[PDB]
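*Asks:* My structure is below; once you've seen it, I'll send some questions.
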Amino acid sequence: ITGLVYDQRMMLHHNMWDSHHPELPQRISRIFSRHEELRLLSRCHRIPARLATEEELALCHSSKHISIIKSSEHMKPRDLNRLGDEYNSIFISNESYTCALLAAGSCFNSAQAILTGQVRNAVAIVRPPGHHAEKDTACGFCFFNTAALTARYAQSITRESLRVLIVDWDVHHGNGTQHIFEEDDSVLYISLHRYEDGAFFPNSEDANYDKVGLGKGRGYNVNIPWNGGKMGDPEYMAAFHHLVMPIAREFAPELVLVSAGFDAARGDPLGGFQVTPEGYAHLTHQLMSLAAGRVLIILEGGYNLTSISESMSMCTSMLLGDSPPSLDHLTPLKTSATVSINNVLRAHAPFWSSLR
Ligand SMILES: Cc1cc(C)cc(C(=O)N(CC(=O)NC2CCCCC2)Cc2ccc(C(=O)NO)cc2)c1
Ligand SMILES: [K+]
Ligand SMILES: [K+]
Ligand SMILES: [Zn+2]
């Protein structure tokens, strides 16, 4: 029923100059170990990992960007150090390119397994993350945009115009995913992210609510930016009820990809929010009502090892069919959260009749 892909070879990507960098190899092994402790692994169908090909990376990335990252596979440490400093917040090791290939190819196999009907949904415990990677550059711990590539891969084996919904609940804006699909009406990108008027990473006004897409893509980019607050379950539930789910139902996606960063969880040193594991489980179960249940959960950020292990395991439990948790929908929101939601409603009401 539920697929799961994990490969410890993705642990080889590491930071040679700061072993305490929070994007640790143990991120994925701790999540995998938690699935075993909770006896969820044996309930899933193990999907094998594989390398994405260079032709598949070219679905979203330029040949120059593919070539440069590929060239790092055999660089000396001094060259890996210099190459990394040419990007915003990037460390590179000799294994980084292969791990990025394995992360993308693992989601390709997961999407294919969903599209053949072999599994109903799937989880991908992969690293390095992807949603900060742009067409021509790496950024924010990301080399290739795994979620964006998986969307294009799905279209390449079913129908070119297959309607794919990408929900990005990582605490950071997926600037790479937004730009790749900004003019595309076949891929709806909805991102919830801490914004702080543009001061939170990645420090760009591209993440604001008035960025709704370009050309034919107008209305197919939904930014839900949080400002001046410590958001948690009530704010994310309200955004799904008023924004994500009404838009997603009207879009009627045929496939749902979740850029699932868990750095908005309580205790995360980079996020500062307090979304609980039950909150992530509620969001997952909501998305399962779409696309006849065809949901692929792809790991992005998340850096409290205990928090991400519990949170993603709760999402897998939901995909396996376990009963969703009960949450108080009457809890009052932070006042700035209501302002954020109303700003998004005003910006997207001219494009979605479900908001009018
Ligand atoms: C180079 C570096 C390393 C580490 C471990 C963290 C950070 C960091 O503090 N950052 C967020 C931030 O506010 N930087 C400001 C920008 C304005 C001027 C001064 C610092 C970067 C970052 C990138 C990606 C992700 C992610 O992918 N999360 O899922 C998280 C953090 C930098
Ligand atoms: K996000
Ligand atoms: K779009
Ligand atoms: Zn993040």
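In the structure tokens, chains take the letters A, B, ... in the order shown, each chain's residues start at 1, and ligands count up from 1 in the order shown.
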Could you pull out all residues of range 188-229 of chain A with a DSSP call of helix (DSSP H, G or I) and give them as a compact mmCIF listing (two decimals) with C-alpha atoms, in the first residue's frame?
*Replies:*
# COMPACT_ATOMS: atom_id res chain seq x y z
CA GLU A 196 9.73 37.92 8.44
CA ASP A 197 9.23 40.61 5.77
CA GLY A 198 12.12 39.12 3.78
CA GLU A 205 10.79 39.14 -1.65
CA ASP A 206 10.12 36.32 -4.14
CA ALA A 207 8.62 34.52 -1.13
CA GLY A 215 2.16 34.40 -17.82
CA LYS A 216 0.23 31.16 -18.19
CA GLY A 217 1.38 30.31 -14.66
*Asks:* What do you get as a count of residues only if you pick all residues at most 8 Å from ligand 4, counting only C-alpha atoms and all ligand atoms?
*Replies:* 13
*Asks:* List all protein, DNA and RNA residues that have an atom no more than 12 Å from any atom of ligand 2, counting only C-alpha atoms and all ligand atoms, and report them as a ChimeraX atom specification.
*Replies:* /A:130-132,166-178,189-195,200-202,207-208,221-226,236,258-264,271,299-302
*Asks:* Residues within 7 Å of ligand 3 should be enumerated using only C-alpha atoms and all ligand atoms and returned as a list in words.
*Replies:*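 Final answer, ordered by chain and number: residues 178, 181, 182, 183, 184, 185, 186, 187, 188, 189, 213, 217, 220 and 221 of chain A.
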*Asks:* So how far away is CA of residue 133 in chain A from CA of residue 64 in chain A, in Å?
*Replies:*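 Separation between CA of residue 64 in chain A and CA of residue 133 in chain A: 13.8 Å.
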*Asks:* What's the 9 Å shell around residue 22 in chain A, counting only C-alpha atoms, without same-chain residues fewer than 2 positions away, as a VMD selection string?
*Replies:* chain A and resid 19 to 20 24 27 269 to 270 302 to 304
*Asks:* In Å, with one decimal, what is the gap from CA of residue 50 in chain A to CA of residue 295 in chain A?
*Replies:* 19.9 Å
*Asks:* Ranking A:284, A:94, A:317, A:155 by minimum distance to residue 2 in chain A and counting only C-alpha atoms, which one comes first?
*Replies:*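 Once distances to residue 2 in chain A are computed over only C-alpha atoms, the minimum belongs to A:317.
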*Asks:* Range 33-44 of chain A: which residues within 6 Å, counting only C-alpha atoms, same-chain residues fewer than 4 positions away excluded, as a list in words?
*Replies:*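 Listing them by chain and then by number gives residues 2, 3, 29, 309 and 313 of chain A.
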*Asks:* With N, CA and C atoms retained, export the selected residues as a CSV table (one decimal), in the first residue's frame.
*Replies:*
chain,number,residue,atom,x,y,z
A,2,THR,N,1.9,1.3,0.9
A,2,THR,CA,2.7,2.5,1.0
A,2,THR,C,4.2,2.1,0.7
A,3,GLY,N,4.8,2.9,-0.2
A,3,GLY,CA,6.2,2.7,-0.5
A,3,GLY,C,7.1,3.4,0.4
A,29,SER,N,19.3,8.4,8.7
A,29,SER,CA,19.4,7.1,9.4
A,29,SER,C,18.6,7.2,10.7
A,309,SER,N,12.5,12.7,13.2
A,309,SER,CA,12.3,11.3,13.3
A,309,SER,C,10.8,11.0,13.6
A,313,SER,N,7.8,10.0,10.7
A,313,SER,CA,7.2,8.7,11.0
A,313,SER,C,5.7,8.8,11.2
*Asks:* Which is closer to ligand 1 than all the others in A:341, A:114, A:90, A:319, using only C-alpha atoms and all ligand atoms?
*Replies:*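 That would be A:90, the residue with the smallest distance to ligand 1.
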*Asks:* Using only C-alpha atoms, can you tell me which of A:32, A:251, A:143, A:351 comes closest to residue 124 in chain A?
*Replies:*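 Residue with the minimum atom-to-atom distance to residue 124 in chain A: A:32.
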*Asks:* Using only C-alpha atoms, which protein or nucleic acid residues come within 10 Å of residue 95 in chain A? Drop anything in the same chain fewer than 5 positions from it, and give the result as a list in words.
*Replies:*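 After dropping sequence-adjacent residues, the list is residues 9, 10, 11, 12, 13, 14, 72, 73, 74 and 100 of chain A.
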*Asks:* Compare A:283, A:330, A:347, A:255 by their minimum atom-to-atom distance to residue 314 in chain A, counting only C-alpha atoms, and give me the closest one.
*Replies:*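 Using only C-alpha atoms, the shortest distance to residue 314 in chain A belongs to A:283.
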*Asks:* Go through A:113, A:138, A:103, A:247 one by one, measure the shortest atom-to-atom distance of each to ligand 1 using only C-alpha atoms and all ligand atoms, and give the residue with the smallest value.
*Replies:* A:138
*Asks:* Suppose you want the space between CA of residue 324 in chain A and CA of residue 47 in chain A; what is it in Å?
*Replies:*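 Separation between CA of residue 324 in chain A and CA of residue 47 in chain A: 24.7 Å.
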*Asks:* Taking into account only C-alpha atoms and all ligand atoms, which residue in the set A:204, A:161, A:63, A:274 is nearest to ligand 1?
*Replies:* A:204
*Asks:* Taking only range 27-180 of chain A into account, list the residues labelled strand (DSSP E) by DSSP (computed from the backbone), as number ranges by chain.
*Replies:* A: 45-46, 121-125, 164-168
*Asks:* So which residues touch range 240-242 of chain A within 10 Å, counting only C-alpha atoms, skipping near sequence neighbours fewer than 5 positions away, as a ChimeraX atom specification?
*Replies:* /A:192,235,247-248,282-283,286-287,329,341-342,344-345,354-355
